[PDB]
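Here is how the chains run, residue by residue.
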Amino acid sequence: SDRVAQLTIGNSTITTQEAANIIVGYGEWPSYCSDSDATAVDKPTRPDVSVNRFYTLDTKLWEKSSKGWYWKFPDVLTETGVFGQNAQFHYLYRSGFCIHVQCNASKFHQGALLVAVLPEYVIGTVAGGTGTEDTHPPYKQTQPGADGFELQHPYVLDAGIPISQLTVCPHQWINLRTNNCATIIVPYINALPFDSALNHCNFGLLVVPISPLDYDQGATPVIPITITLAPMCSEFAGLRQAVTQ
Amino acid sequence: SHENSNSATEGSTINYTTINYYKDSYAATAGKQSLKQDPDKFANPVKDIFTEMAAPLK
Amino acid sequence: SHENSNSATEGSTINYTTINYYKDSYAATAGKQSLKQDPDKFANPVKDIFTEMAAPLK
Amino acid sequence: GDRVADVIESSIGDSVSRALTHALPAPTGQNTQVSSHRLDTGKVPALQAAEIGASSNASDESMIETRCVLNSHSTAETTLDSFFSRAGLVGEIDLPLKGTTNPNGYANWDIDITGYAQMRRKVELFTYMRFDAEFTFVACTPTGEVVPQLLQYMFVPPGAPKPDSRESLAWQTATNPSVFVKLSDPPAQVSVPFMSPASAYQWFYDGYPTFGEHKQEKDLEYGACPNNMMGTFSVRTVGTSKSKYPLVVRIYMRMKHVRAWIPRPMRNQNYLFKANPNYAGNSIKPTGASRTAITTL
Amino acid sequence: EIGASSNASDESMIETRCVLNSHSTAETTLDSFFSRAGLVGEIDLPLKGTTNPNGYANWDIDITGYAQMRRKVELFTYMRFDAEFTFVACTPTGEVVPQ
Amino acid sequence: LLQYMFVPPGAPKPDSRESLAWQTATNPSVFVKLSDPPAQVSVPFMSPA
Amino acid sequence: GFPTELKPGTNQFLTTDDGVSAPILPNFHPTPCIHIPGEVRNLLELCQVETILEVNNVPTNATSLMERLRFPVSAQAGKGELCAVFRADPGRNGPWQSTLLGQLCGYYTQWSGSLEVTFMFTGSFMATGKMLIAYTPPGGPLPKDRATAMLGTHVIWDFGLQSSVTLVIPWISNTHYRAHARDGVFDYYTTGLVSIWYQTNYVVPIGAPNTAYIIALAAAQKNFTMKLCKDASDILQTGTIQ
Amino acid sequence: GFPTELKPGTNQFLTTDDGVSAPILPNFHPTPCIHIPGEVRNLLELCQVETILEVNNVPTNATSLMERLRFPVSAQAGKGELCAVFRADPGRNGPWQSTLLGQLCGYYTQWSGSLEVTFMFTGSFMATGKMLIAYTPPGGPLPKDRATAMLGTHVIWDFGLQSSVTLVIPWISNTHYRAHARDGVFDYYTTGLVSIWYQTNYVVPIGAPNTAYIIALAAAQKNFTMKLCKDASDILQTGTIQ
Amino acid sequence: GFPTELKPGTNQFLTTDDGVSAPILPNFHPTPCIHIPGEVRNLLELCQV
Amino acid sequence: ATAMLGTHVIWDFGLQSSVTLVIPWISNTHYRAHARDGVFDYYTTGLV
Ligand SMILES: Cc1cccc(-c2ccc(OCCCCCN3CCN(c4ccncc4)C3=O)cc2)c1
Ligand SMILES: Cc1cccc(-c2ccc(OCCCCCN3CCN(c4ccncc4)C3=O)cc2)c1
Ligand code: NA
Ligand code: NA
Ligand code: NA
Ligand code: NA
Ligand code: NA
Ligand code: NA
């Protein structure tokens, strides 16, 4: 009655029989931009059902030695479906998201994934090891697209900050003995009313195993983690030709 | 006073009590802020709230 | 205060709100001016005004 | 006009962001209420489900037998203004005589406060911040001596000409704001408004400032947001001839009327560069002290 | 040809949304633009010199010897105003002396 | 020119004239010249008792 | 006397401090102010007045400077050929520097608002034609062809009794204000591009010039405002002015 | 002029003085403030959010740092064996330094309030067990055995559908506030010890891991407050930051 | 600014001057004061013992 | 990834042994005749 759940938006429906409730980041639901907060004058386009639906973009395999991964929003979707097209044809974009991370196993497996959302997740580099070289992460690392990217040093989140404090951000845990999924709703977060979906990633989705996956020889060893997400209250403005970056 | 409203906190849910001698409000002192707090925004951002007495997973 | 009216803006269509400690008003601060504007004086100084919807040369 | 039902009943356009929580007044710590033994079934405060993502709701009263305590301890010192409105060093500018850096009697400093760890770590606790500020300029010789020297500080906003010398025409300062003051005088001090084109400054910007290909040579721009670049701070000794004394200008910032959004984990590795969160890969240290075993102090 | 600027607005050229513009027009008032002290005169009193080696000097009050200020006021043909004058003195090195 | 800094228990005590602690981002400090009048400040009752 | 205590700032001279200073001439009364036409109260009044935009900012020899004030159109081969292009950034180096709007813009760090450019055809009465004028919001590269430009905000101009047409460059930004854009990270504040194409063709009968010129006049819309007063990028003096 | 007299303090610069200073930009109006989610008003809001407590703060090589985030439990010999221990002092070097509470704590000289640590079991669904978690107020030395620990404040945790349990470390002090405790006379402000013991045993059937981990999350209760603002003990910079 | 004129006494430090000085810890609130026996209000109370 | 772009359901095994996929009526015509290879594929319903 808090374990069972159904999420329906657009022409897509998700079900789960082992949930752990739903998190609504910073305590507020996504909303369209008000006439007082707005600044751009053109009438926006709000595609509704064709873009605010569930997209299942990627699957990773959880292994006894996995370090963890991250994805950037809206980067992950910029090249998928009608959402992607709208994000490419328009300069300005804004939306919220419903993120549903899936991972099931058996009552004999164990492990815990921390699923969190970190706004303005700026990536850093190891600075040449000694810290004397002022290196910078390449485009493929800051905006990894749908395949996401694996954390090199999860302890400091590849950005010099403790993962132990990541719980100060909207999050849920996927503790196999308890639940098989995480659901996080996120409102638009920025210091501007709209922004480029291409040049700016509003937040990052982190999936990091804090308690290692484990099981005995003979139990299914392939434990996938799948990422499904749905834009919410999408708005676009500043129309012109399509641009990929 | 009859000054400009150019303070970084103009229109905040927490009102301030400050001092100033110039026509621009941002020159004013920091003053006293209002003591409101909303811990739940971060500590309990759940949709369907769960009681203390009951077991969290019903 | 009961001072002299020797300010360069004495009798202006835009009233000011200023501070002063001397008997001569021109010593006063610049203060705040009134926010009135008359763009048409320069941008549209035409005798017989022409609408937006209509064609300017009837 | 509208007619088909799905349109009439749609929520497309709702600008009222529904909020699940509201702030309540809390001037003092919460009190403790008397409690007694409870030997109940069904009732279980101690048990939780951290997976949900929420912190424990269990209180003292439900875990042990408590007395009544009237807590009048104040929560005033933990407000944003209380924590941040304390002047701290954010910039140091040298004006030596015989030198390698600024041996010309003037200097330009890009207004960025991330070159000092104490202040930086504090503000980086939040993602977005909006505030006014009070800046204080402390000048003296390298020994801390005070000398009869007149200086000019000029704020050069983006787009305004940066002086290229002690005699530059830009020092006419007909529109930029400048401060003329002597080292013998007390520190110069002024109030600065919130100047970003954005509704808030942001210590972290996960993106690029422009469109196009983001090749190796342009990666220096990842994380650069113009909205945080307020301009240049220019200083010069006021004369057409070189000053007789070597000078140092320390810049202190005291934020006021502060608002912050989105708390983040706090920096735990030494800072290396102003522009990024790069850390020394070969010296990743634990966040704190360590011990030999988990069963010993 | 009429001599007037276009009356066409955003609303009539494209489909616009509603925007509540609270951006202030305060900083573009005459006083806001001009009430900023700027250099308008420099006077030398050297010891051994060609100009004023006698310990005194006369300066005709004309502010047109400095480009920044001059260009600003020359935007208008007629101007009426009061003014605040500040005199900053020091040696050529910027040193302060008991004089 | 001198700098006086109040270092409460638990705050880093400067170990030199150039210590980073002098950034005084949170501790209260007073910068003043010997030429100026004596520095003066008010201190509250600070004990945990 | 009364107990006071000097705070920092004491003795400093802030050029923008709006203070009170002693009057040198007590009881002096200024000459009364008669009525003078054309009083301006706010610089924004001037920004709404159209001035000539030097779209054709290529000629540089003194004898050809006047040519910058107008660009041409002439009979083509009907392939939707490109006529001219320019950035819409008003406070950026380029065409806009010839306009009063651009100059006044230089005294402010940030601006916000819609812009407008009115094009006046000065060809013969017998010349006709249709042009496509487009505005490409940020992110869109210089349109390679008319088909691409056509995807943005645009106007299709038809020559006739009404000599001019107005292209509105609507405010489409991510931020409430834009700082002056320039190559580098500040290109973040770029406004976009304006391109002019031949929709049909410049047609003319026997006996009329095969080439005519267009004059562009630009100004700001009524939602335009500026803030954060600064010194202009130019200082029009080399040595001392004598 | 008006008779005044300068008092001591004159000309001094107190970094925490809340005074009034002249505005550099007269009539400047800041960009309006739109709505942004997650506004925090008081640091105490953050102290109530649980973050991971590094009870297992022993591994130090980079490749094992993530192991500090969780400690283990496994089948024993049923002798009420000890599982782990740690001081409850939140502003002291040790496990608490990994928590946001501990870090924010470092910016204040004194604190007061009850604390809470929630333990989450991450073993398999088929694993069961009962643990005894105790809090030993000041004066009580590290409990030599479970029987001794049991005499203090404690909780007996039973594994089940509810993965976690909460140990409340109630405020039990002689003073209204505690300063940061450390070896020496300041141990006077120590909060106490927390020890974890096996009440029963970690039992598991055939086919399930004999070792599972527990993750500890700690935060403050609603009666928690801090005072006397100070600089944190760490300064995260070696040389100049370039 | 406002016309003032410094009088003698300016800058002096009188040890018994009961003046106002800037607070070093803004918004700091002292530990509450519990009841303690034997509070003395005036030295004359002691002279009668 | 391609299938995911259409109408779908994500089924999770549990106490509830079954799940229901609704194949909503999405046609151009009010009625469909029986579809078969050829011009009558015009009335095809789609793929699952
Ligand atoms: C009359 C005068 C003379 C000399 C200096 C000034 C002056 C100096 C600085 C002023 O700007 C203060 C800006 C404070 C915030 C700076 N920020 C905002 C965001 N930020 C940042 C840094 C690095 N990454 C991201 C953001 C910053 O470093 C205002 C006036 C004024
Ligand atoms: C007690 C004291 C000591 C020393 C100086 C002064 C003082 C100096 C100048 C004063 O005059 C200020 C005049 C400001 C406007 C000057 N104008 C007005 C018109 N104008 C101008 C220049 C070139 N072409 C046309 C007009 C100028 O240069 C008043 C008092 C007063
Ligand atoms: Na005066
Ligand atoms: Na004065
Ligand atoms: Na007198
Ligand atoms: Na001041
Ligand atoms: Na006296
Ligand atoms: Na004082």
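Residues numbered from 1 in each chain as written, not as in the entry; some residues may be left out. Chains lettered and ligands numbered in written order. Part of a larger assembly, values for the part shown. Heavy atoms only, no water.

- Deposited coordinates in this entry are attributed by the record to X-ray crystallography, at a stated resolution of 2.80 Å.

Quick word on the overall build of chain E
Now for step 1: Regarding its fold elements, chain E presents three helices and zero strands.
Now for step 2: Traced from its N-terminal end to its C-terminal end, chain E shows the element sequence α-α-α.
Now for step 3: In terms of principal-axis extent, the alpha carbons of chain E reach across some 75 × 35 × 25 Å.
Now for step 4: The 99 residues of chain E split such that 27% are buried.
Now for step 5: Expressed as a percentage of contacts within chain E between residues at least 6 apart in sequence, the contacts between residues at least 24 apart total 41%.
Now for step 6: Entry remark: accessible area of chain E is about 6,600 Å², with carbon and sulfur atoms responsible for 53%.
Now for step 7: In chain E, 7 side chains carry a positive charge and 14 a negative one; their mean positions are 3 Å apart. (Helix = DSSP H or I, 4+ residues; strand = E, 2+ residues; numbered from the N terminus. Buried < 20%, exposed > 50% of the residue type's maximum accessible area, 1.4 Å probe, protein only. Contact = heavy atoms within 4.5 Å. Areas by Shrake-Rupley, 256 points an atom, 1.4 Å probe, with all protein chains shown as cover. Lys, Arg positive; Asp, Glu negative; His and termini not counted. Charge placed at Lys NZ, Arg CZ, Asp CG, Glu CD.)

Focus: the overall build of chain B
Now for step 1: Of regular secondary structure, chain B possesses one helix and one strand.
Now for step 2: Against the compact-globule benchmark of 10 Å for 58 residues, chain B has a radius of gyration of 20 Å, which places it well outside the compact range.
Now for step 3: Viewed in the frame of its principal axes, chain B has a C-alpha envelope of about 60 × 15 × 15 Å.
Now for step 4: Relative to its full complement of 58 residues, chain B shows a buried share of 52%.
Now for step 5: Once local pairs closer than 6 in sequence are excluded, the contacts in chain B between residues at least 24 apart make up 0%. (Rg over C-alpha atoms; globule rule 2.2 N^0.38 Å.)

Structural notes on helix α1 (residues 81-89) of chain A
At 3.6 residues per turn, the α-helix brings residues three or four places apart onto the same side.
Now for step 1: Within α1 of chain A, burial applies to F83, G84, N86, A87 and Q88 of chain A.
Now for step 2: Where α1 of chain A is buried, its residues contact β4 (55-62), β6 (90-102) and β12 (223-239) of chain A.

What to know about the side chain of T78 of chain A
All names here are of chain A.
Now for step 1: For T78, the location among the structural elements is in the loop between β5 (69-73) and α1.
Now for step 2: Residue class for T78 comes out buried when judged on its relative accessible area of 5%.
Now for step 3: Excluding anything up to four places from it in sequence, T78 contacts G84, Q88, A197 and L198.

A look at the site of ligand 2
Now for step 1: Around ligand 2, the structure places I61, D62, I63, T64, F85 and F87 of chain E together with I24 of chain G.
Now for step 2: Mapping the residues adjacent to ligand 2 onto the chains of the assembly identifies chains E and G.
Now for step 3: A distance of 3.2 Å is found between an oxygen atom of ligand 2 and a backbone nitrogen or oxygen belonging to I63 of chain E.
Now for step 4: Coverage of ligand 2 by the protein chains reaches 45% of its 690 Å² of free accessible surface.
Now for step 5: Of the residues belonging to the shell around ligand 2, the class tally is five nonpolar, one polar and one charged. (Near = heavy atom within 4 Å. Polar contact = N/O pair within 3.5 Å; in protein donor to acceptor, adjacent residues only side chain to side chain. Nonpolar A, V, L, I, M, F, W, Y, C, P; charged D, E, K, R; others polar.)

Quick notes on the sheet that holds strand β2 (residues 13-14) of chain G
Now for step 1: Strand order across the open sheet formed by five strands is β4(D)-β10(D)-β6(D)-β7(D)-β2(G), with antiparallel pairing between neighbours. A single partner strand is all that each edge strand has here, and the edge strands are β4 (106-110) of chain D together with β2 of chain G.
Now for step 2: Note: strand β6 (residues 150-156) of chain D against strand β7 (residues 178-182) of chain D, five bridges, orientation antiparallel. Counted as the bridge partner of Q152 of chain D is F180 of chain D from β7 of chain D. (Pairing = 2+ DSSP bridges.)

Notes on the coordination of the sodium ion (ligand 7)
Now for step 1: Bound to the sodium ion (ligand 7) are the protein donor atoms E5 of chain H (OE) and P8 of chain I (O), situated 2.8 Å from the metal. Here the residue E5 of chain H occupies a position in strand β1 (residues 2-6), and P8 of chain I occupies one in the loop between β1 (4-6) and α1 (43-47), the pair thus bridging two chains.
Now for step 2: Look at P8 of chain I and you get exposed, because its relative accessible area is 74%. (Donors = N, O, S within 2.8 Å, 3.2 Å for Na, K, Ca; no water.)

Side note on the sheet that holds strand β1 (residues 2-5) of chain F
Sheets are built from strands paired through backbone hydrogen bonds, the pairs being either parallel or antiparallel.
Now for step 1: The strand order across the open sheet built from three strands is β1(F)-β2(F)-β2(H), with neighbouring strands paired in antiparallel fashion. Unpaired on one side and paired on the other, β1 of chain F together with β2 (13-14) of chain H mark the two borders of the sheet.

A closer look at the pattern of salt bridges
All names here are of chain G.
Now for step 1: Counted under the stated rule, the structure contains 37 salt bridges over all chains.
Now for step 2: Between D187 and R92 there is a salt bridge whose closest N-O contact spans 2.8 Å. Of this pair, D187 sits in the loop between β11 (178-179) and β12 (193-198) while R92 sits in the loop between β5 (82-87) and α2 (100-105), placing them 95 residues apart in sequence.
Now for step 3: Ionic contacts of the salt-bridge type, sharing partners, join the residues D89, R92, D183 and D187 into one network. (Salt bridge = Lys/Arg side-chain N within 4 Å of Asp/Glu carboxyl O.)

Topic: empty space enclosed by the protein
Now for step 1: Taken as a whole and judged by the stated rule, the model has 16 cavities of 30 Å³ or more.
Now for step 2: In this structure, the largest cavity is lined by 19 residues; those nearest its centre are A139, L183, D185, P186 and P187 of chain D.
Now for step 3: Elements with a contribution of two residues or more to the lining of the largest cavity: β5 (126-140), β6 and β7 of chain D together with β2 (29-32) of chain F.
Now for step 4: Broken down by element, the lining of the largest cavity gets its largest block of residues, three residues, from β5 of chain D.
Now for step 5: The class makeup of the residues in the lining of the largest cavity is 14 nonpolar, one polar and four charged. (1 Å grid on protein atoms, 1.4 Å probe; cavity = no way out; pocket = protein on both sides within 12 Å on 5 of 7 lines; lining within 4 Å. Points joined across faces, edges and corners; volume = space filled by probe spheres on them.)

Here's the deal with the site of ligand 1
Now for step 1: Taken together, 17 residues form the shell around ligand 1, and within it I113, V192, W203, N228 and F233 of chain D come nearest.
Now for step 2: Around ligand 1, the nearby residues trace back to chains D and H.
Now for step 3: Contact between ligand 1 and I113 of chain D: an oxygen atom at 3.2 Å from a main-chain N or O atom of the residue.
Now for step 4: In the complex, the protein chains occlude 94% of the 680 Å² of accessible area that ligand 1 would expose alone.
Now for step 5: Only β5 and β9 (201-202) of chain D provide two or more residues apiece to the shell around ligand 1.

What to know about the interface of chain H and chain D
Now for step 1: Contact residues are listed per partner, giving 94 residues for chain H and 92 residues for chain D.
Now for step 2: In total, chain H and chain D occlude about 7,700 Å² of area from one another, counting both sides; carbon and sulfur atoms represent 59% of this.
Now for step 3: At the junction of chain H with chain D, the criterion picks out two salt bridges.
Now for step 4: A salt bridge links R254 of chain D to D18 of chain H, with the nearest nitrogen and oxygen atoms 2.5 Å apart.
Now for step 5: For the pair chain H and chain D, the number of links is 50 residue pairs in polar contact.
Now for step 6: The dominant element in the side of chain H that touches chain D, judged by the number of residues it contributes, is strand β6 (residues 82-87) of chain H, at six residues.
Now for step 7: Taken together, the residues that form the side of chain H that touches chain D break down as 49 nonpolar, 33 polar and 12 charged.
Now for step 8: Here strand β2 (residues 47-48) of chain D runs beside strand β11 (residues 164-169) of chain H; their pairing, made up of two bridges, is antiparallel. Bridge pairing in β11 of chain H links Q48 of chain D to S164 of chain H. (Buried area = accessible area lost by both parts, 1.4 Å probe.)

Side note on the nonpolar core
Proteins that are soluble and globular tend to have nonpolar side chains buried together.
Now for step 1: By size, the foremost hydrophobic cluster in this structure holds 206 residues, and its most contacted members are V101, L205 and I210 of chain A, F126 and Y153 of chain D together with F71 and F119 of chain H.
Now for step 2: When residues in this core are grouped by element, the largest group, nine residues, is from strand β11 (residues 247-263) of chain D. (Core = buried A, V, L, I, M, F, W, Y, C linked by side-chain atoms within 4.5 Å.)

Some points on the arrangement of the chains
Now for step 1: With 27 pairs of chains in contact, the largest contact count belongs to chains D and H.
Now for step 2: The two units chain A and chain I remain apart, with a minimum C-alpha distance of 27 Å.
Now for step 3: Separated throughout, chain D and chain J approach each other most closely at a C-alpha pair spaced 17 Å apart.

Brief notes about a nonpolar patch on the surface
Now for step 1: A grouping of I19 and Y21 of chain C, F2 of chain G, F2 of chain H together with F2 of chain I is seen on the molecular surface, where their side chains present a nonpolar patch of about 530 Å² in accessible area.
Now for step 2: In this fold, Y21 of chain C is placed in the segment before α1 (40-43). (Patch = residues over 30% accessible without salt bridge, like charges linked within 9 Å, V, L, I, M, F, W, Y side chains within 5 Å.)

Brief notes about unusual backbone geometry
Now for step 1: In the segment running from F73 of chain A into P74 of chain A, the intervening peptide bond is cis, with an omega of 0°.
Now for step 2: Along the chain, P74 of chain A falls in the loop between β5 and α1.
Now for step 3: Not every positive phi belongs to a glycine, and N11 of chain G is a case in point at roughly 75°.

A look at the pairing of β12 of chain A
All names here are of chain A.
Now for step 1: Taken across its 17 residues, β12 has 15 buried, putting it largely inside the fold.
Now for step 2: Relative to β12, β6 runs antiparallel, the two being bridged by 11 bridges. If you follow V101 over to β12, its bridge partner there is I227.

Some remarks on the packing of aromatic side chains
Now for step 1: Scanning the entire structure with this criterion turns up 53 aromatic pairs over all chains.
Now for step 2: Where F83 of chain A meets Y93 of chain A, the ring centres are 5.7 Å apart and the plane angle is 80°; that geometry is what we call edge-to-face. Linking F83 of chain A in helix α1 with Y93 of chain A in strand β6, this pair joins segments that are 10 residues apart in sequence.
Now for step 3: For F83 of chain A, a relative accessible area of 0% gives the class buried.
Now for step 4: An aromatic cluster is built from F71, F119, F121, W157, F159 and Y202 of chain G, whose rings are joined through pairwise contacts.
Now for step 5: Seen from the ring of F33 of chain E, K72 of chain E lies directly overhead, with NZ or CZ sitting 4.6 Å from the centre.
Now for step 6: The ring of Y213 of chain G carries the charged tip of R70 of chain G above its face, separated from the ring centre by 4.1 Å. (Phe/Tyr/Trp six-rings, centres within 6.5 Å; stacked < 30°, edge-to-face > 60°. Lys NZ or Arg CZ within 6 Å of the ring centre and 35° of its normal.)

Points about the state of the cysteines
Now for step 1: According to the stated counting rule, one finds zero disulfides over all chains in the structure shown.
Now for step 2: Among the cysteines around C33 of chain A, which has no disulfide bond, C18 of chain E carries the closest sulfur, lying 11 Å off.
Now for step 3: By relative accessible area, which is 6% here, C33 of chain A ends up buried. (Disulfide = S-S within 2.5 Å.)

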